[PDB]
């Protein structure tokens, strides 16, 4: 078997040119009047506008899930009344923001990242192309475009099992949402999955940081929802929350 269509290169060198070239093509593309109208809404204004007034805006989710439909893990508990689990994709959630597990370029990728870009539509990556990427453990904020949610919080988790970098992601998301007075957030499972942060330790950290933030800042959030696409993820949160209790 031959396994490549030409001679092998001198060594591995390709990658960063593709991404800069993609970023360049995204920035250079001509937006329609429909798209431009949506794209120019100032970011802070997007929270509250009526998005149906733009013919370019087509909600990507047929039946979005609103905050009133998300039951907390314990309505009696002073902290855990602000926490809910959703057994489905984070893109269903019509909240102030959802979290995207991004990479340093913020230009899309596999997994939840690709799902979010696909639901939000082409303007999401256009907004991401305009800023200088995202560092590991930090968070960027954009509009959510065709998402039911208003904003996306793009964070960059660690590749491996680096507890202090993943902690930082949760800290950055929570502080940035709070700074902008966003009151409901839908999380995805940052850094988990194939070759990533093992599920239970990751979930431990997510739960621990989010509860610590809620304890220390009474007035910050109405709801933090952990969207758990897979049943395994849902059960990890359930166990960690029960183990936290």
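Positions refer to the first chain, counted from 1.
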Point to revise | Entry-level comparison of average CA B-factors, 185-193 and 35-43, reporting the higher stretch | key: 35-43
Practice item. Would you tell me which stretch averages the higher CA B-factor in the PDB entry, 64-72 or 49-57? Key: 49-57
**Study point:** Residue selected from 113, 96, 164, 127 by maximal Cα B factor
**Key:** 164
Study note, to complete from the structure: Sorting the chain's modelled residues by C-alpha B-factor and splitting them into thirds places residue 123 in the lowest
Study note, to complete from the structure: Sorting the chain's modelled residues by C-alpha B-factor and splitting them into thirds places residue 10 in the highest
Practice item. Could you say whether, by C-alpha temperature factor, residue 88 belongs to the lowest, middle or highest third of its chain? Key: lowest
Exercise for review: Quick one: classify residue 106 as lowest, middle or highest third of the chain based on its Cα B-factor.
Suggested key: middle
Practice item. Relative to the other modelled residues of the same chain, rank the CA B-factor of residue 160 and answer lowest, middle or highest third. Key: highest
